[PDB]
């Protein structure tokens, strides 16, 4: 099964500031909730998505939102499911939600932070980035680890047609720039060959 990473980052790959998001974007939060908690209509009795996150990200989420509803949550920590790496998480999942289980696994998302992102980009099953691009240079102190939208990575990572994005996330997604509270930002989907 493939992994998908989902992130919102600035044109300078900023993702974070002071253990939180440096923007308060209500429509971006909804896209995130929607993409990660969406499952092919016919499977939706059985099927559930998984959200894999680092311990720091786990701790950053306002309590009212933990665990993230309607998704299987696994926190990765070297020391709610906990596993010690991405692959341990995958073994826990297959073992726990085995054909003998009534909950089934649809898509598995890596939702942050930088350290987990870095491991997910190293993972041979990761082939898709759902990137929210924020066209401002907001000060940040945590950064996305690999510059997948830059020249150096452009033979590996390709940005897909907007209609391919909508086909994947299964609904109309705004095209182009959305303005909210001082920010322009745009939804993208990038893939690479496995």
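Numbering follows the first chain given and starts at 1. Rigid core: the largest C-alpha set superposing within 1.5 Å between the two forms.
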property	result
Stretch departing more from the displayed form, 35-43 or 135-143, Cα RMS in 7 other deposited structures of this protein (core fit)	35-43
Greatest C-alpha divergence in 7 other deposited structures of this protein once each structure is fitted on the rigid core, 11-19 or 177-185	11-19
Between residue 79 and residue 80 - deposited residues without coordinates, as a size class	4 to 9
Between 82-90 and 95-103 (mean CA B-factor, as deposited), the higher	95-103
Between the two ranges 116-124 and 67-75, the one averaging a larger CA B factor in the entry	67-75
Top residue by Cα temperature factor, when 132, 36, 41, 155 are compared in the entry	41
Entry-reported Cα temperature factor of residue 169, expressed as the chain third it lands in	highest
Third of chain Cα B-factors occupied by residue 11	middle
Relative C-alpha B-factor of residue 194, binned into the chain's lowest, middle or highest third	highest
CA B-factor ranking of residue 55, expressed as a third of its chain	middle
Ranked C-alpha temperature factor of residue 150 among modelled chain residues, by third	lowest
